[PDB]
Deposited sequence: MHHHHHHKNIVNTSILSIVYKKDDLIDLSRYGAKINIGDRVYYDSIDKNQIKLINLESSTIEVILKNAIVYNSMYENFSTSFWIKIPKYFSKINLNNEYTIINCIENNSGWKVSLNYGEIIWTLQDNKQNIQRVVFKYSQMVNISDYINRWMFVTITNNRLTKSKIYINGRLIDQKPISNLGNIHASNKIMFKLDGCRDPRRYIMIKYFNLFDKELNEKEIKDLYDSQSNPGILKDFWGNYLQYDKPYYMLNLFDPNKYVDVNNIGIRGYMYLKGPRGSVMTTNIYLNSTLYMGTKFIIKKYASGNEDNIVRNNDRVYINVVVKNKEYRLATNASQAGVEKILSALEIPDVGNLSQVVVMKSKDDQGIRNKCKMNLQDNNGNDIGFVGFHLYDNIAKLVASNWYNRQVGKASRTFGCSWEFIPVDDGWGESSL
């Protein structure tokens, strides 16, 4: 039903729909190096995408339903200048009617306006005062649906967040131009990343929204904390989602030592702006290729890997003994690893899940998932078949410009 579907092709953006919108890209629009569909817009004049829709599919109705979807990644707001500054990022308003998407400190706003001065706004609010955020500087899938008889609805990651009545609104005559541009943003350093902008000529239902969320998410590719592709040879700080206020540390190198979860995490704070747990703590993990082929650097579901552990800026091998109980994980000298258990199968889905690491012994026997076990006062990392719910789910956190903590 997409009537506009923007994707990257040959260092350009094109419309995949049958309507072939014109796309004029400004000079200051950038594409990510790993995933070219990630488009960066910055707060500079020529950081623009102007979509000119054909006159035929321009919205001008009292009753036609429509939806939009896109992915967005919004870096942490760091400064006083960000408070109380609503700025448009996607504009489809002509005179006083149409629709727009705006942002503010902790907000995504949808604004719908008719030609008789009636307006409705629907708002997604996220806090920057939370220990670990699902949203700050992390890819979010946004879907906004509009049923002219009922409500406008905003969904985030496939989940309905808020909704507001719109039956008071009359004729909406939107623009033939969709302008992607930070407009009215007082912070020169602000940017966003956006991916897969779509428009649909109906109100999508919850199932369709979940299916779109699943099928644009690359379900066979593991993701890092920020939602980018998980990659080989890249150092990651580790977060166990079951016990998120701890971080990984090593108690001695070698088979006689162990990795464990230690806490609490630190805090990063700017008054009235953010207060979060420190992410860049502890032993980093690096995913290494084990299998043949597997030529690109993206970690996929079911990839067979080794996991290296970084201690005082040197790599060691995550491994455990070769001997039917939970097996405490150690950091081994790579030349010492011998026939120790070390091969990990990476999993993004069982039905999607967060990252899991399934260890096997050298004879190919399943020795369970990487998690933790409390031994009196110490939560040691283990491989355990106890896991099948959630204590073996991990996030991998690389340093990211959008987060801003010291590294």
| item | value |
| --- | --- |
| Deposited sequence positions missing from the model - stretches, numbered from 1, in order | 1 to 12, 336 to 337, 365 to 367, 406 to 413, 433 |
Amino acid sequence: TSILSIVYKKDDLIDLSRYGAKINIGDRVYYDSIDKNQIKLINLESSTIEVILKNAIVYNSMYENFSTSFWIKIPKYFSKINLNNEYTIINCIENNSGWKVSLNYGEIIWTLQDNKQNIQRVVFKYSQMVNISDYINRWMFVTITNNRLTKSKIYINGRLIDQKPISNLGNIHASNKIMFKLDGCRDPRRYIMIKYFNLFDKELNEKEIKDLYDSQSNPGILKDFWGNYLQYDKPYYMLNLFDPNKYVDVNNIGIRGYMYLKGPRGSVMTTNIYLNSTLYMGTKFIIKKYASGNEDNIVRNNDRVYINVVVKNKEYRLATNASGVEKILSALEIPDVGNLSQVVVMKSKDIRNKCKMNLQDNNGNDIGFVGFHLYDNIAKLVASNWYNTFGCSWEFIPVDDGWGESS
From here on, numbers count along this sequence of modelled residues.
item	value
105 to 113 or 208 to 216, whichever carries the higher mean Cα B-factor	208 to 216
Greater mean Cα temperature factor according to the PDB record, 194 to 202 or 135 to 143	194 to 202
Out of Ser323, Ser97, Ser330, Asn157, highest CA B-factor residue	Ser323
From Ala379, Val343, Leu44, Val382, residue of greatest CA B-factor	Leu44
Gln38 - Cα temperature factor, lowest/middle/highest third of chain	middle
Third assignment of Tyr280 from its chain's C-alpha B-factors	middle
Ranked against its chain, the third holding the CA B-factor of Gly263	highest
Ranked C-alpha temperature factor of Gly338 among modelled chain residues, by third	highest
B-factor third for the C-alpha atom of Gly364 within its chain	middle
